[PDB]
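First, one chain by itself in structure tokens, the form deposited in one PDB entry.
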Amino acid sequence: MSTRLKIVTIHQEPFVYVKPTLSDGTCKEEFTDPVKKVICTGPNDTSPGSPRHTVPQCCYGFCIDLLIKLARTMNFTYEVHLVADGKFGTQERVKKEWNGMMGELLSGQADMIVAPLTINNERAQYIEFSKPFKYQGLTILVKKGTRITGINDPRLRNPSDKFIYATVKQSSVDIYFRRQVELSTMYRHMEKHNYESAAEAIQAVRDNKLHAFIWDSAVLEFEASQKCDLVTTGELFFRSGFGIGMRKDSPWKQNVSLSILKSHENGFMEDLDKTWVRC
């Protein structure tokens, strides 16, 4: 007996902060106004091909504030968990299979995806995306001192083992560089250096391991505003939106979108942007 919604999310600052619980299994009461926090069960152990031990964790950020607003608006009960494999989600050949939160949602392990999940053709062929709650693009994260003109820079268009540039494995950035033949040369360099997570990639730019990180501007711009040793370069390419993901059959699809439109019109979405996003 349960008409409670299974919500899947991923660790992605500043949208989803993931921190451990206190010694009693509760969240450290923080303040912006109180910081609204949820219990999010997830694997404590990263690394591929390793056993995943589900532990309660604390979840907060732009997307959590958004979920709470969605639950209160549509009158739904929910429970939150982090994506077991730590990925956003691509369709790979095994017969083809979706991995990450995409795989999770399509199998019924999740009833909803609440994360900075990019709306794209490949995913929209299989799932329902709400109206976007954020419009953003792709940019490049370099170390303060590195110079690049953008996506048309010869250090990227003409790759070499000298300058290492990557993205996140099983992400939409991976889907974009793979689908486009005009970027096949760049995709061939990237495939060898792609990280399991954006945090790992961001740290690798801090530790001189990675020299350029092609990622979502909403995340890169936020990162550059905190970590002054890193800066974003060039304008925005593949301008895309972030949306809520549901199965095509979902009875919440029309109401999820109306709530998002409401929040854009009444300033709520601009509030989240001020609270969580905006050297």
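The term rigid core refers to the maximal set of C-alpha atoms that superpose within 1.5 Å between the two forms. Residue numbers run from 1 along the displayed sequence.
The form deposited in another entry exists for this protein as well; it is not shown, and the discussion that follows is about that form.
Superposing the rigid core between this form and the one not shown leaves a single residue from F213, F242, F238, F62 with a C-alpha shift of at least 2 Å: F238. With the core held fixed, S47 shows a CA shift of 2 Å or greater between this form and the one not shown. The distance between the CA atoms of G49 and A110 is at least 3 Å longer in the other entry than in the form shown here. If you compare C-alpha positions, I113 and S50 are 3 angstroms or more farther apart in the other entry than in the form on display.
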